[PDB]
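Heads up, the chain shows up twice below as structure tokens, two forms, tagged structure 1 and structure 2.
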Structure 1
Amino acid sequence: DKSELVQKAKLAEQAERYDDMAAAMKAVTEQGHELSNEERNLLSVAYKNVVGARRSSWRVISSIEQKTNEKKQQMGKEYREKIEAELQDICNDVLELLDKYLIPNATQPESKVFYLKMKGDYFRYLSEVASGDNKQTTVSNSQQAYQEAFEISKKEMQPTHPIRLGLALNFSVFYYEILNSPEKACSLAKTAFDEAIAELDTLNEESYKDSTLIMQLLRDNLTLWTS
């Protein structure tokens, strides 16, 4: 029962068993229809946590490796590669759901932006640990997805919509952390932040909490990047 995968997910969330949560929402997604906004939020939180645990581990192992003997430095690399291969499996799973179910079934323009952003993200996460030819593919595919979302975001949503704001936040991180373009990063973020200030008026009760957090984050990032 779908309504039931869904409450397995909610339970797994509460218990902090994010791998269970993701596999449930993956099964819901494979049932082929458009996701409710609540199902879509659960899927996204599930996988953000599942991939973030691994990226965090990957970062820890990598920090240790620089900090450093050979037999040890080698097991550092082997353990990182075990983490890398889980990251690739997590992200491929999500990008396949995006490619086959969520982006094709995405009718409302705010859905297509959300999922194209999600594809930019998971291709960004692949890029953070990719090598050589495959890095260029991942980085290119992440920018394509972000940009396609960032053009629909301007034609269909206001500068205060939390999905438009989140896309600007994450695209700015892509420029800063993946393309290594601090200036393109800091401008994308400032613009989106100023554009939403100059129309704070517009924030429906329902959007207020989320959009303000994202603008706080956009400003926290800009503050940090001018340091």
Structure 2
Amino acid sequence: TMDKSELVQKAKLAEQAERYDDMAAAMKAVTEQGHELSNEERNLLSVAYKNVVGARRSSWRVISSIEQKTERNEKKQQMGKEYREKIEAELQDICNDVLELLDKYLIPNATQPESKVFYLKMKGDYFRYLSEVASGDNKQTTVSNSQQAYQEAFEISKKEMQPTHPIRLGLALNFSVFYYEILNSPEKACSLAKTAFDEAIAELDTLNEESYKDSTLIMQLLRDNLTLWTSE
């Protein structure tokens, strides 16, 4: 039963030591005390799970790729399948953990739009990661929950934050990638990405020093996707 200061300091030590499971466990405990997280605490939570889930996603695609290679030995095929499944179950546990934190503590206790959008975007991301390894029927539910979360985030971000805000831009980035990669709709992905990019560059006066680099980084990622998707 550590207090937040100690758990955050542990999270930061774990991050420097590249021990992200520890970092996630720390920030999960912080989150479970049921209080609104600071920007720093929220970033630490986000980075921890980004790394914890990202490692499985990378692993999952490495194994899925190896499964496509010609293989005549049945035991090796089974090992590939069972190892993929092992990773999927880990991925499912991680996402379920994240989505529970969001549903039980983070989203309902959020009193400021910035956080609400951040957490809803997160809900969208983690339901998307679930959907990538989902079995069918659960596949449609997860894809649909992802879309609903992004959509809710998006509507709030348009009312409550500047078009150049990193969270709003990041949401447009991920939501547009969702449309292209998960929903297989270039038309929806391009509409959203173009809208968010155009809205940003129409309001360069909303940029600020503190987030200038994050803003312009994500704006360029949006432009890059648009160019790629328009080339098809």
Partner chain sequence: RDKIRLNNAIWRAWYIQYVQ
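Residue positions are counted from 1 along structure 1's sequence. Note that the rigid core is defined as the largest set of C-alphas that superpose within 1.5 Å between two forms.
Between the two isolated copies of the chain, the form solved in complex with the partner chain corresponds to structure 1. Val6: CA moves less than 2 Å between structure 1 and structure 2 after rigid-core fitting. Once the core is aligned between structure 1 and structure 2, the alpha carbon position of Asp220 differs by 2.5 Å; this is the C-alpha shift at that site. The Cα position of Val113 changes by 0.3 Å between structure 1 and structure 2 once both are aligned on the rigid core.
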